[PDB]
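Asker: Before I ask anything, here is the structure I am working with.
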Amino acid sequence: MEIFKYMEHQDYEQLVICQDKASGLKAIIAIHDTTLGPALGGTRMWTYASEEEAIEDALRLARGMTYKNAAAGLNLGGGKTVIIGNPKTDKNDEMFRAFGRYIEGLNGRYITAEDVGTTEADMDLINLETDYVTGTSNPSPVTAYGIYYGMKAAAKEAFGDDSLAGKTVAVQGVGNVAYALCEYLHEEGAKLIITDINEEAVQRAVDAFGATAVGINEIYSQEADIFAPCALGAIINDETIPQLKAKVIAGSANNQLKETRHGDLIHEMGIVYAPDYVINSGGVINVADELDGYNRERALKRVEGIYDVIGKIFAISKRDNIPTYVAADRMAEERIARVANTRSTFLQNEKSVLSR
Amino acid sequence: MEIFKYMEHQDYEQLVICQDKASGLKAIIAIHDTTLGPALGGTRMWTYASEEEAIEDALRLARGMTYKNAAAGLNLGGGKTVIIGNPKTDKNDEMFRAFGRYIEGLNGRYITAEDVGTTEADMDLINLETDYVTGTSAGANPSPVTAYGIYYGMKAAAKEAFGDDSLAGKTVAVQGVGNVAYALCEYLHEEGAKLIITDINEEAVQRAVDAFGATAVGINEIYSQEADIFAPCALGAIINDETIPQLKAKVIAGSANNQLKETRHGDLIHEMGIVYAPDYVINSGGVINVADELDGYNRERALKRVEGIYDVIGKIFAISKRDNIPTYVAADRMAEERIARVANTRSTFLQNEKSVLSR
Amino acid sequence: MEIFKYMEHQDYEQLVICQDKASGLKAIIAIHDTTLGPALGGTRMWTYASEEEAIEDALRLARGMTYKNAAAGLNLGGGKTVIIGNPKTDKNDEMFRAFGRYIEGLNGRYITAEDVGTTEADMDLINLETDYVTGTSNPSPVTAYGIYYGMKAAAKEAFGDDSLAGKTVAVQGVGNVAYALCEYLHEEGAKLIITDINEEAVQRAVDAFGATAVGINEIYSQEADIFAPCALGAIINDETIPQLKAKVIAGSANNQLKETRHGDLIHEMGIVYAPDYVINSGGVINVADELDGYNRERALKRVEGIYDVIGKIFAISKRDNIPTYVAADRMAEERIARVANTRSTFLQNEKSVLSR
Amino acid sequence: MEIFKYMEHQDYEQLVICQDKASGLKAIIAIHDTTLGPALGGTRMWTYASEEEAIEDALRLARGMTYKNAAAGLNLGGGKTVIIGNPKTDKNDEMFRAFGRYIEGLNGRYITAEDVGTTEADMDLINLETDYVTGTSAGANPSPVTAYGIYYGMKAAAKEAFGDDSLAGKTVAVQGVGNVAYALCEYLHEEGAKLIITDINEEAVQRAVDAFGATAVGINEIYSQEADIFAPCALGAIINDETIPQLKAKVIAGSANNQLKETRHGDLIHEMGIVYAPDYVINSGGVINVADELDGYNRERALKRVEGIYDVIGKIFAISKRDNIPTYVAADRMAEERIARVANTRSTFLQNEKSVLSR
Amino acid sequence: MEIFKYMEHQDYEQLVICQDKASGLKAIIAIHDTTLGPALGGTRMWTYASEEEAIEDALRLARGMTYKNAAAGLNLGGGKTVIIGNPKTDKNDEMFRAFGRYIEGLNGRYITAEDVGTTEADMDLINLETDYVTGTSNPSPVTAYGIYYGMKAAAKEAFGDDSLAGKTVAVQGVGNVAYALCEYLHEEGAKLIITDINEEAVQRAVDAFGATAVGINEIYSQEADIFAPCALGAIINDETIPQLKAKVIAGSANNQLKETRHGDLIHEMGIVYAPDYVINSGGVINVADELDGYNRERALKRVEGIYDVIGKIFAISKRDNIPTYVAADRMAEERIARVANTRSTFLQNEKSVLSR
């Protein structure tokens, strides 16, 4: 690929390709933007059909973080690390120690964490060589508590009232996070229409929340006020758009829109869409709270702030008259700009997530 | 190209690609080996026909620096920075500032300096964002230091080809009369040696003949002349099939890089019994000099330190006939062995190891 | 002796002979290797028939630590201190303060702890002059919890299943550690065949775990799946090899093999042997956890990692086809090598057990 | 040998034995006493017939240094390093680097320098791993400093043997015309004194006669000559039964170590009324000079500081006739008493005591 | 007085006379010895009939601390501060702030605390200007727990057994400390014969411990194994010596001997006397534990060490054949000497109660 062309087009800061023959390590640390502070983002360990495919994927995810972190109201930039290899086989201690030294050598310009392929055990190895890492020492309820309020924000929007008590939610998927979100939607008093490929899990829920099991492909039109995509992505497409009976789409899943088009138009139908990478922010917020001494309680409390940011998102659409998925991208760019401006006044030692 | 495949082959540590849209900065920092310490190598700013072409050039160059720095007896690893752009038009304050920030970012793993298309004015801008740079206008006229460097290396060349260090009298043919070339002459004339030069610049050749009472000769009549020492000090590859034949100068010791055009040529001169001071080692007084700025620059100390090139060249001759191999191969083997030897020695535990960065 | 010849033969780093006339102190700090970090190892206080006998013993134990610590996955080198004297008589405060100053003068190249002869009270005196000490401020259950999992690792090896529940264990000796190991082997549901010279202790166990007392010399052939040598060493010899009915040998005792031969051959019989100095690692691991602020819980959790290392040991044998006691020595050398290589990349301030 | 028994007798603090297989480093660092402060003593690199033989030599030497440093009025304890190996063949970069690491390890308890078989080039390698070393090429021509040291000590010798410090005129017989010897002559000639020399090297003796208008004499005709001052500046034991008889020079003040071959000889010259400036104290300007590098080297300050040897020698004469004992015994008693006196004085509590290591 | 003559005679280090006109402060900080470390000792605020009377008293108490602290096994020297004034009237904030600055100016050579006249409230004011102070942020049980073990040490001495359970103790005085000591002597199972000028307090005890009230002057001969002087001092004199039926004298009171003679002779009668300033050490030990972050538990545990030191005291008498009150003075001088010697080896940064 044309690395420099790709980078220049969106002004990527760095591409730090790291290598260690003996441990077989091959990592690609992409740093898109560091305006708001150190670039933070997890390291994905997967197999890639080509070198420069992993490169582009690393760059693409880095740029995704600068937006997510920005919108989440965090003081962190956008980075991401891709480690070429099969997480299930070719993993070893030295490989992560090596990666850790290299992170130590970027002296805080990058901060890592887990992502698909890497685990809390890997982060511990890294932490042996550097402090610029998170996801060490369950994170599910936290991000779960995040969708909860984001959904609240969707409610007051679509039902002029953030109270979900009473309403029915069509929950697609019942994994740890989806499961947790249910508990919240439950103890507040609401009906759930769970589903999932794993029968066994559809149990735990029905039994615990008195929920009704429904056909995996029937979950799209159920008699519910809100639809919570918490399974795979792209579930919001041409097939599902019509079906949808719910007034709101608020879920934990990534890449909820198969095409931009899908977004452009659900916005026509007057469906209330809480942009995916923002509503599920609770996840990154939570790992950032470790940088200043992890504290579940505070973490759980800050995640609750997605309510406002989601609101800010609706406020942007009702301004440039653009769909929420577009209001998100714009809200981050605006914050990054506003903060950069505010912090241009001289100081001998400004603060940052790294300041003790 | 397959970067990861190229890096793993010779085990390159990192390739830090830095970009800045607003200033048009396209920088490739290649870190080959940091075993002896931070990677030090200048930044070559030039125009490249292809992206992968500059990345290949940076990697190849970084690994070159890890052999030089190591052979030179310095405690620095191998790195190099390649900036793609036309040095005569594209330069602008911001691009170097940006560069310096990223270097600050590598927190001491990489240290920069001058190179093709780069200047100390360039080094001063970088210095506004980081200390990890050398060859600033406040630190390191260097030409004479490196010149005093080959001078001693050449003396080391003798006592091997003449059994004596006394270049006193003996004739030396010098290709090119540039800054370094000129200073090399000064040291030679002084010890009372016969100098025969050449160089495209008539005035340069002129100032030389008058200054040292030289014997000006033609661009081509330099490879061949009646002198017991050949000092190629202009361009490389000057030791090829067209020049090897008509030389017969017991010694070769110059300031030019890549003197041998092919590994074969070295394999030959070796057989022909010509003592050759491997180029990148005899002319290391250049990197040694910039290295001296890290611990507070002192020219007088750089000069006395560059004298060490003598003891080192002679060490290569020792290795040359230890495994009986041409001097260009003994050079590379010595470098490799000092790294492993030093790495071994420093594996003993300490709480605050010393580095060229220690205050 | 030929100190230098002995040291050069195995590349010992230092022999720091320390002396203080008034307090009568005579200590010998041996530091074998510090590649993985500071040399850590306890100080043994005993009476020696000769100076240079204590010297060799100090050197031998130091080299033993570099292997134990290495295999334990710790970032510590190998050292050891021998104090010539009768622990029961000639002990005094100044003597340990003096030793402490000298340790302070090696500035972290050596870290000490208790060993036979020295106590938690001695470590406190040392700690008065330096921070490079551990075993200050019960350690038994911790190392006990270590054999537990190591034994688990032996199980899955010999019975294709790490679950010990059901199986019977022939426990030789019933001291604090052996006693603790029993509790684990008990609450998981297994039968125990305890024994020991101290009748009184054979009680506590039988009563608490419903175990059967057996003749001290009968403990070697009992109808049990696993044999846990937790008494003295060399219990695995020509006499005991045959007798052995158990499929596995996993215990807390040191020097479990009287001769190398014994090992070479039990490996023939297909007996599963968890190398002694590795399975009982829980002990040193535990004291190392003080260096970063002691925490019993974490300690107890890290000790649980002996399961993997023991496994790695079996994996080495099934590779060079060598007995476990040999697979151990080789696994440490390999780790020391691999780590040394990984950490050769320059950094202005790499981490170490001493970094705050 | 019984190391622990030897150490306890004179209460030695430590014996740090360091080894490195790859470089063949066999180092014995003996720390005798660190009461006045870090132990300072150079490393003697030599070949020894037996291991216990070198360990004995290091211990004996370290305790020597704790008397010298103390008598010299310096704030340093006694140490010494003995490296076993042939200085002419066995040296190699790695062994010294390794040495320096271990010294860094002793964190300031031991400070090294030059000695038999060691050089400042050696000291520069060590300096790459630690600051706890002196006599580097960047710090401490020393010969004249120590020479200016005995010069003042000799002046102190007078005013005791002649009631006056004015060596002006008086004759001095100098055994040996080495670097230090030569500089001792310069100070003497200058104050207008008569110089009579000798030394195996005819040219050295020659440069001396012409330079100072000396009076060259034979190797054996130096112990005996018509001079009121004998300056043994070559080898020791030069004050024995074969030379004591035919001397009659009111004073003895030289640069040579172990001037008395036996304690008896000192007991005699004392009785014979010859004023003797105890060797290791008059020639301490050597250790004083290297000591001055710790607080940022300054030759001019070392020189004015070495002048203190005068005030100290005269202090020995005071003790000499305070307990009425030969000057060689008063020297050892003064050293011992300054340590106890200083130790007592510094027992008062402070949060950050001053040391030669303070910045 | 002849200040310098007084100081030189016992080698006093300093006499720091501090003054502040406005706040009316007049303090005299005496520092006898700092060999073992910073001089620690409380500040006594009282009215003095003459300047140089307060001076001598300050010097005398300083020298007393160097002995108490020494014998207590602490790493503290001997100092003391006397503030001329009536604690009940002429006290004010500035006065103690001023004193505090001056202590800050001795940079750790002196550390203060409360003594008669000064309170925990005064220490707080001082602490506003310096960290070199203790007795800030009940101390009674702690020092009470100190006499307890000291008495234990007296028991094993006089009754060949440190167990006091059973024995009867004649407790003179029933203040906070005496009261606490009782609880210990009680829960271990022993009979008490309390007394005191304050009837009301003789109650609390009798009622709580089932003790027998006795005549204030009858407390000296009661049928008891041990006599615990916990009231005023000099209670051990010509009148009381004979009377004494108890085999041991162990109490909290200061200056328990009216004359040296009294000591010289009770040692004849074979009475076991636990030197006062040592057995009641628990008090200073406790305040020293604040210097490293106060912790009641540890404090209470270290105080328990008086058992050994008291023992060491008996061991000295049985050596030079001198009474305990003399064995004390000698044990401190010996420790100060031994420690000074041990710590003469060079170190760039030795430890001290002030090191973090």
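By convention in this document, the chains of the structure tokens carry letters A, B, ... by their order, each chain's residues are numbered from 1, and ligands are numbered from 1 in the order they are shown.
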Could you please select, counting only C-alpha atoms, the residues of chain C within 10 Å of chain A and state them as a ChimeraX atom specification?
Answerer: /C:75,298,335,338-353
Asker: With DSSP run on the backbone, what are the alpha helix (DSSP H) residues within region 57-252 of chain A? I'd like them as JSON, numbers by chain.
Answerer: {"A": [57, 58, 59, 60, 61, 62, 63, 64, 65, 66, 67, 68, 69, 70, 71, 93, 94, 95, 96, 97, 98, 99, 100, 101, 102, 103, 104, 120, 121, 122, 123, 124, 125, 126, 140, 141, 142, 143, 144, 145, 146, 147, 148, 149, 150, 151, 152, 153, 154, 155, 156, 157, 158, 176, 177, 178, 179, 180, 181, 182, 183, 184, 185, 186, 187, 199, 200, 201, 202, 203, 204, 205, 240, 241, 242, 243]}
Asker: Residues within 8 Å of residue 69 (chain B), please, as a PyMOL selection string. Count only C-alpha atoms; anything in the same chain fewer than 3 positions from it doesn't count.
Answerer: chain B and resi 40+65-66+72-78+284+287-288
Asker: Excluding residue 127 (chain B) and its own-chain neighbours fewer than 4 positions away, which residues fall within 12 Å of it when counting only C-alpha atoms? Please give them as a PyMOL selection string.
Answerer: chain B and resi 93+96-104+111-113+120-123+131-139
Asker: Please identify all polymer residues within 12 Å of region 188-202 of chain E, counting only C-alpha atoms, omitting same-chain residues fewer than 6 positions from it, and present them as a PyMOL selection string.
Answerer: chain E and resi 148-149+152+162-176+178-179+181-182+208-232+246
Asker: Would you mind telling me which residue in B:350, B:106, B:29, B:45 lies nearest to chain A when using only C-alpha atoms?
Answerer: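 Of B:350, B:106, B:29, B:45, the one nearest chain A is B:106, counting only C-alpha atoms.
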Asker: I want to know what sits within 9 Å of residue 248 (chain B), based on only C-alpha atoms, with residues of the same chain fewer than 5 positions away left out; could you give that as a ChimeraX atom specification?
Answerer: /B:224-228,272,274
Asker: Restrict the selected residues to N, CA, C and O atoms and save them as a PDB file, in the first residue's frame.
Answerer:
```
ATOM      1  N   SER B 224      46.539   6.116 -10.603  1.00  0.00           N
ATOM      2  CA  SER B 224      47.868   5.684 -10.979  1.00  0.00           C
ATOM      3  C   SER B 224      48.837   6.833 -10.812  1.00  0.00           C
ATOM      4  O   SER B 224      48.650   7.899 -11.393  1.00  0.00           O
ATOM      5  N   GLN B 225      49.864   6.605 -10.006  1.00  0.00           N
ATOM      6  CA  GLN B 225      50.898   7.591  -9.743  1.00  0.00           C
ATOM      7  C   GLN B 225      51.942   6.895  -8.902  1.00  0.00           C
ATOM      8  O   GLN B 225      51.723   5.777  -8.434  1.00  0.00           O
ATOM      9  N   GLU B 226      53.078   7.549  -8.713  1.00  0.00           N
ATOM     10  CA  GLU B 226      54.146   6.968  -7.922  1.00  0.00           C
ATOM     11  C   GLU B 226      54.057   7.424  -6.469  1.00  0.00           C
ATOM     12  O   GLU B 226      54.753   8.357  -6.052  1.00  0.00           O
ATOM     13  N   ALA B 227      53.188   6.756  -5.709  1.00  0.00           N
ATOM     14  CA  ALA B 227      52.968   7.054  -4.290  1.00  0.00           C
ATOM     15  C   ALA B 227      52.693   5.760  -3.530  1.00  0.00           C
ATOM     16  O   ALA B 227      52.010   4.875  -4.040  1.00  0.00           O
ATOM     17  N   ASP B 228      53.226   5.645  -2.318  1.00  0.00           N
ATOM     18  CA  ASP B 228      53.014   4.441  -1.521  1.00  0.00           C
ATOM     19  C   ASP B 228      51.731   4.473  -0.668  1.00  0.00           C
ATOM     20  O   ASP B 228      51.535   3.628   0.206  1.00  0.00           O
ATOM     21  N   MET B 272      46.027  -9.189  -3.755  1.00  0.00           N
ATOM     22  CA  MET B 272      47.116  -8.423  -4.343  1.00  0.00           C
ATOM     23  C   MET B 272      48.042  -7.837  -3.271  1.00  0.00           C
ATOM     24  O   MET B 272      48.986  -7.106  -3.580  1.00  0.00           O
ATOM     25  N   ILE B 274      47.445  -5.531  -0.990  1.00  0.00           N
ATOM     26  CA  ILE B 274      47.320  -4.116  -0.687  1.00  0.00           C
ATOM     27  C   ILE B 274      46.614  -3.982   0.655  1.00  0.00           C
ATOM     28  O   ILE B 274      45.533  -4.537   0.841  1.00  0.00           O
TER      29      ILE B 274
END
```
Asker: Need to verify the contact set: residue 217 (chain D), 8 Å, only C-alpha atoms, exclusion of same-chain residues closer than 5 positions in sequence. Can you return it as number ranges by chain?
Answerer: D: 196-198, 222
Asker: Using only C-alpha atoms, which residue out of C:204, C:302, C:109, C:5 lies closest to chain B?
Answerer: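 When distances to chain B are compared using only C-alpha atoms, the smallest one comes from C:109.
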Asker: Please, what distance in Å, to one decimal, runs between CA of residue 291 (chain C) and CA of residue 77 (chain C)?
Answerer: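 Here the two named atoms are 14.1 Å from each other.
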Asker: Show me, as a PyMOL selection string, the residues of chain B whose atoms get within 10 Å of chain A, using only C-alpha atoms for the distance check.
Answerer: chain B and resi 1-5+7-22+24-32+50-52+98+102-110
Asker: Could you write out that same residue set with N, CA and C atoms as a CSV table (one decimal), in the first residue's frame?
Answerer:
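Now in result-v4.csv:
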```csv
chain,number,residue,atom,x,y,z
B,1,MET,N,6.9,-3.3,-0.6
B,1,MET,CA,7.8,-4.4,-0.1
B,1,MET,C,7.3,-5.1,1.1
B,2,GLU,N,7.9,-6.2,1.5
B,2,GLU,CA,7.5,-6.9,2.7
B,2,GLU,C,8.3,-6.4,3.8
B,3,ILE,N,7.9,-5.3,4.5
B,3,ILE,CA,8.7,-4.7,5.6
B,3,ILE,C,9.0,-5.7,6.7
B,4,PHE,N,8.0,-6.4,7.2
B,4,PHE,CA,8.2,-7.3,8.3
B,4,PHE,C,9.1,-8.4,7.9
B,5,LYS,N,9.2,-8.8,6.7
B,5,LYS,CA,10.1,-9.9,6.2
B,5,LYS,C,11.5,-9.4,6.2
B,7,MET,N,12.7,-6.8,7.9
B,7,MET,CA,13.1,-6.5,9.3
B,7,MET,C,13.5,-7.7,10.1
B,8,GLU,N,12.7,-8.8,9.9
B,8,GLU,CA,13.1,-10.0,10.6
B,8,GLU,C,14.4,-10.7,10.2
B,9,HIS,N,14.7,-10.6,8.9
B,9,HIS,CA,15.9,-11.2,8.3
B,9,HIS,C,17.1,-10.8,9.1
B,10,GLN,N,17.4,-9.5,9.2
B,10,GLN,CA,18.5,-9.1,10.0
B,10,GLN,C,18.1,-8.6,11.4
B,11,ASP,N,16.9,-8.9,11.7
B,11,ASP,CA,16.3,-8.6,13.0
B,11,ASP,C,16.3,-7.1,13.4
B,12,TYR,N,15.6,-6.3,12.6
B,12,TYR,CA,15.5,-4.9,12.8
B,12,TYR,C,14.5,-4.7,13.9
B,13,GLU,N,14.8,-3.7,14.8
B,13,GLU,CA,14.0,-3.5,16.0
B,13,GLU,C,12.7,-2.7,15.6
B,14,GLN,N,12.8,-1.5,15.0
B,14,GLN,CA,11.7,-0.7,14.6
B,14,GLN,C,11.8,0.1,13.4
B,15,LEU,N,10.7,0.5,12.9
B,15,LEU,CA,10.6,1.4,11.7
B,15,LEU,C,9.5,2.3,12.1
B,16,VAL,N,9.9,3.5,12.5
B,16,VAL,CA,8.9,4.5,12.9
B,16,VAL,C,8.6,5.5,11.8
B,17,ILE,N,7.4,5.4,11.3
B,17,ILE,CA,7.0,6.3,10.2
B,17,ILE,C,6.2,7.4,10.7
B,18,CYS,N,6.7,8.6,10.5
B,18,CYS,CA,6.1,9.9,11.0
B,18,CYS,C,5.6,10.8,9.9
B,19,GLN,N,4.5,11.3,10.1
B,19,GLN,CA,3.9,12.2,9.1
B,19,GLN,C,3.2,13.5,9.6
B,20,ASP,N,3.3,14.5,8.9
B,20,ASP,CA,2.6,15.8,9.3
B,20,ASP,C,2.1,16.4,8.0
B,21,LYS,N,0.8,16.5,7.8
B,21,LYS,CA,0.2,17.0,6.6
B,21,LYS,C,0.6,18.5,6.3
B,22,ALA,N,0.4,19.3,7.3
B,22,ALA,CA,0.7,20.7,7.2
B,22,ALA,C,2.1,21.1,6.7
B,24,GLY,N,4.2,18.8,5.2
B,24,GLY,CA,4.6,17.8,4.2
B,24,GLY,C,5.8,16.9,4.7
B,25,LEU,N,5.9,16.7,6.0
B,25,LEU,CA,6.9,15.8,6.6
B,25,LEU,C,6.6,14.4,6.4
B,26,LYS,N,7.5,13.7,5.7
B,26,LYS,CA,7.4,12.3,5.4
B,26,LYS,C,8.7,11.7,5.9
B,27,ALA,N,8.7,11.2,7.1
B,27,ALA,CA,9.9,10.7,7.7
B,27,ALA,C,9.9,9.2,8.1
B,28,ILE,N,11.0,8.6,7.8
B,28,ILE,CA,11.1,7.1,8.1
B,28,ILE,C,12.3,7.0,9.0
B,29,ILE,N,12.1,6.6,10.2
B,29,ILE,CA,13.2,6.4,11.1
B,29,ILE,C,13.4,4.9,11.3
B,30,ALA,N,14.6,4.4,10.8
B,30,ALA,CA,14.9,3.0,10.9
B,30,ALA,C,15.8,2.7,12.1
B,31,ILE,N,15.4,1.8,13.0
B,31,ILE,CA,16.2,1.5,14.2
B,31,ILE,C,16.6,0.0,14.0
B,32,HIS,N,17.8,-0.2,13.8
B,32,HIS,CA,18.2,-1.6,13.5
B,32,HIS,C,18.6,-2.3,14.8
B,50,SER,N,10.2,6.0,-5.3
B,50,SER,CA,9.1,5.1,-4.7
B,50,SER,C,9.2,5.1,-3.2
B,51,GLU,N,8.0,5.0,-2.6
B,51,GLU,CA,8.0,4.9,-1.1
B,51,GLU,C,8.8,3.8,-0.6
B,52,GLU,N,8.5,2.6,-1.0
B,52,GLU,CA,9.2,1.4,-0.5
B,52,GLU,C,10.7,1.5,-0.8
B,98,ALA,N,8.5,19.2,13.9
B,98,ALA,CA,7.6,18.0,14.0
B,98,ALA,C,8.5,16.7,14.1
B,102,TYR,N,8.7,13.9,17.4
B,102,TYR,CA,8.6,12.5,17.3
B,102,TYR,C,9.9,11.8,17.9
B,103,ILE,N,11.0,12.5,17.7
B,103,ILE,CA,12.3,11.9,18.3
B,103,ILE,C,12.2,12.0,19.8
B,104,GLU,N,11.7,13.0,20.3
B,104,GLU,CA,11.5,13.2,21.7
B,104,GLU,C,10.7,12.0,22.2
B,105,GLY,N,9.7,11.7,21.4
B,105,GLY,CA,8.8,10.6,21.6
B,105,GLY,C,9.5,9.3,21.7
B,106,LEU,N,10.5,9.0,20.9
B,106,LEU,CA,11.2,7.8,21.0
B,106,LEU,C,12.1,7.7,22.2
B,107,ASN,N,11.9,8.8,23.1
B,107,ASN,CA,12.6,8.9,24.3
B,107,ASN,C,14.1,8.5,24.5
B,108,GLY,N,14.9,8.8,23.5
B,108,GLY,CA,16.3,8.4,23.6
B,108,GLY,C,16.7,7.1,22.9
B,109,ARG,N,15.7,6.5,22.2
B,109,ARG,CA,16.1,5.3,21.5
B,109,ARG,C,16.8,5.6,20.2
B,110,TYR,N,16.5,6.8,19.7
B,110,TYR,CA,17.1,7.3,18.5
B,110,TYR,C,17.7,8.7,18.6
```
Asker: Would you please give, as a CSV table (one decimal) with N, CA and C atoms, in the first residue's frame, all residues of region 115-273 of chain A that DSSP assigns to strand (DSSP E) based on the backbone?
Answerer:
```
chain,number,residue,atom,x,y,z
A,166,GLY,N,-41.5,0.2,32.4
A,166,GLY,CA,-42.7,0.0,31.7
A,166,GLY,C,-42.4,-0.6,30.3
A,167,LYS,N,-41.7,0.2,29.6
A,167,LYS,CA,-41.4,-0.1,28.2
A,167,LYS,C,-40.8,-1.5,28.0
A,168,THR,N,-40.9,-2.0,26.8
A,168,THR,CA,-40.4,-3.3,26.4
A,168,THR,C,-39.2,-3.2,25.5
A,169,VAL,N,-38.1,-4.0,25.7
A,169,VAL,CA,-36.9,-3.9,25.0
A,169,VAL,C,-36.5,-5.2,24.3
A,170,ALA,N,-36.4,-5.2,22.9
A,170,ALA,CA,-36.0,-6.4,22.1
A,170,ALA,C,-34.5,-6.6,22.2
A,171,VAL,N,-34.0,-7.4,23.1
A,171,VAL,CA,-32.6,-7.6,23.3
A,171,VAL,C,-32.0,-8.7,22.4
A,172,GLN,N,-31.3,-8.3,21.4
A,172,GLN,CA,-30.6,-9.3,20.5
A,172,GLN,C,-29.3,-9.7,21.1
A,190,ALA,N,-39.1,-3.2,33.4
A,190,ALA,CA,-39.3,-3.2,32.0
A,190,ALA,C,-39.4,-4.6,31.5
A,191,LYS,N,-40.1,-4.8,30.4
A,191,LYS,CA,-40.2,-6.2,29.8
A,191,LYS,C,-39.1,-6.4,28.8
A,192,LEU,N,-38.6,-7.6,28.7
A,192,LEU,CA,-37.5,-8.0,27.8
A,192,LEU,C,-37.9,-9.1,26.9
A,226,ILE,N,-38.1,-0.4,22.4
A,226,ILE,CA,-36.7,-0.2,22.0
A,226,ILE,C,-36.0,-1.6,21.5
A,227,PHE,N,-35.1,-1.4,20.5
A,227,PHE,CA,-34.4,-2.6,20.0
A,227,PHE,C,-32.9,-2.4,20.4
A,228,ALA,N,-32.4,-3.4,21.1
A,228,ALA,CA,-31.0,-3.4,21.5
A,228,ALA,C,-30.1,-4.3,20.9
A,229,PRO,N,-29.5,-4.0,19.7
A,229,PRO,CA,-28.6,-4.9,19.0
A,229,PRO,C,-27.3,-5.1,19.9
A,248,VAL,N,-36.8,3.0,19.0
A,248,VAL,CA,-35.4,3.3,19.2
A,248,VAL,C,-34.4,2.1,19.0
A,249,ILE,N,-33.2,2.4,18.5
A,249,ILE,CA,-32.2,1.4,18.3
A,249,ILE,C,-31.0,1.8,19.2
A,272,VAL,N,-34.9,6.5,16.6
A,272,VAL,CA,-33.9,7.2,17.4
A,272,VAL,C,-32.7,6.3,17.5
A,273,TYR,N,-31.6,6.6,16.8
A,273,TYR,CA,-30.4,5.8,16.8
A,273,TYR,C,-29.3,6.4,17.6
```
Asker: Which one of D:89, D:130, D:118, D:255 sits closest to chain B if you count only C-alpha atoms?
Answerer: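 Selected residue with least distance to chain B: D:130.
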Asker: Quick check: residues of chain B within 9 Å of chain D, only C-alpha atoms, returned as a list in words.
Answerer: residues 301, 338, 341, 342, 344, 345, 346, 348, 349, 350, 351, 352, 353, 354, 355 and 356 of chain B
